[PDB]
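Here is the structure we will look at, set down as structure tokens.
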Amino acid sequence: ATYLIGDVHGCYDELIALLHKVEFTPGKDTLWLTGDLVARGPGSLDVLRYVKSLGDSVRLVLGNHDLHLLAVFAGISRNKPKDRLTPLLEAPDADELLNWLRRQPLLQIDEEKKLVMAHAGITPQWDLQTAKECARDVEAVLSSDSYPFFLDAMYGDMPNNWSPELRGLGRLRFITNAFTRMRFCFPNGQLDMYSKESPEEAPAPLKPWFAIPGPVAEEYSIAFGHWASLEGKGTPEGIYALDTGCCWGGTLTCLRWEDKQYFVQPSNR
Ligand SMILES: [Mn+2]
Ligand SMILES: [Mn+2]
């Protein structure tokens, strides 16, 4: 079977309890994870150890807090006490875990299921070929010996409009924002980097990225996490918002793909 789980945010106990609920069995089943495995919850270290141990039985995409962790590890960004990353950063296997993490994809595609996953979703300004090329470009810098330079460059809110003509730092910053930070779009598809509210509370003319018809969503289902204030609600057919705020005291949500059946684990806090 195929299971898709939203943002774990270091909630190791809830993750394992949820996988036991569905009797997840590596080798018979595959787990997809929307990213943001780390930060805020208490068990980022255990989560990373476990997900890395699954090997081919897990398909991960990187989220904005996974990239922040990599920036802290590389000395690019300052550690925030609220993220609770110190046990992972001080672990004896921190190098092994984080060098594995930076090699994971930004985008997962399964053609037989017609299923696409990314942390924040797929901007409607991208077709599938463009999404694949952009993911490959950022994955290449992250898996290279020079990834701290990219992590430093990635921070920024502009440009917010895609063009095939974008080059250099602006192109990478847009790609990173589209995959890992996106929520709202202007009607023409441009990213808004400021509003984090629910769709009902957002100022006009902002619309969720998934409310704007895009070429990927016309042909593929899209699963994503990231947008906790959405609470997993309000999406069109074929759009699966899996982040139900476990680390925030909400719940951890698991979707089984074959029958679209949901399983929920209450937050322990
Ligand atoms: Mn996120
Ligand atoms: Mn998150």
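End of the sequence shown sits at 270 in the entry's author numbering; the numbers just go up one at a time, nothing left out. The beta-carbon is built from N, C-alpha and C at its ideal position, and this holds for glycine as well.
| query | result |
| --- | --- |
| The beta strand (DSSP E) that contains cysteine 255, what's its start and end? | 252-257 |
| So, using beta-carbon positions, are residue 283 and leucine 32 closer together than 7 Å? | Any question about residue 283 goes unanswered here, given that the chain covers just 2 to 270. |
| Short check: CB of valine 48 to CB of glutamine 109, under 7 Å? | no |
| Which first and last residues belong to the alpha helix (DSSP H) in which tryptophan 101 is found? | 95-102 |
| Is the closest heavy atom of ligand 2 to the C-beta of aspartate 138 under 6 Å? | no |
| Taking 6 Å as the line, does the beta carbon of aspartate 8 fall inside it for any heavy atom of ligand 2? | yes |
| Would you kindly work out how many angstroms separate the C-alpha atoms of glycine 190 and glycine 226, rounded to a whole number? | 20 Å |
| Which ranges does the beta strand (DSSP E) cover as unbroken runs of at least 3 residues, wholly within the region 81-141, from first to last along the chain? | 108-111 and 116-119 |
| Which residue or residues does DSSP assign as beta-bridge partners of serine 222? | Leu116 |
| To which residues of the same chain is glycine 233 closer than 8 Å at the C-beta, ignoring the five residues directly before and after it? | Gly7, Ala242, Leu243, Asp244, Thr245 and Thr254 |
| Apply the 10 Å Cβ neighbour rule to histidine 21 and answer buried if 16 or more other Cβ atoms are within range, or exposed otherwise. | exposed |
| Does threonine 26 pass the burial test, meaning 16 or more other C-beta atoms within 10 Å, or should it be called exposed? | exposed |
| Could you pull the DSSP bridge partners for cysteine 12 from this structure? | DSSP output for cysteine 12 lists no bridge partner at all. |
| What is the C-beta distance between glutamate 24 and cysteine 247, in whole angstroms, given that I count them as a contact (C-beta under 8 Å)? | Wrong, their Cβ atoms sit about 20 Å apart, outside the cutoff. |
| Within this structure, are the beta carbons of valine 73 and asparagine 65 separated by less than 7 Å? | no |
| Classify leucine 170 as buried or exposed, calling it buried when 16 or more other Cβ atoms lie within 10 Å of its own Cβ. | exposed |
| Smallest Cα separation from residue 349: which of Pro88, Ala205 and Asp153? | Residue 349 cannot be examined here, being either before or after the span of the chain that is shown, 2 to 270. |
| Could you say if the region 122-130 and the region 146-157 meet the contact criterion of at least three C-beta pairs nearer than 8 Å? | no |
| Cβ of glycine 157 versus every heavy atom of ligand 1: is any distance shorter than 6 Å? | no |
| Just checking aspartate 37 against ligand 2 - is the residue's beta carbon closer than 6 Å to any of the ligand's heavy atoms? | yes |
| Within 10 angstroms of the Cβ of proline 125, are there 16 or more other Cβ atoms? Answer buried if so, exposed if not. | buried |
| Per the contact definition of three or more C-beta pairs closer than 8 Å, is the region 103-121 in contact with the region 192-201? | no |
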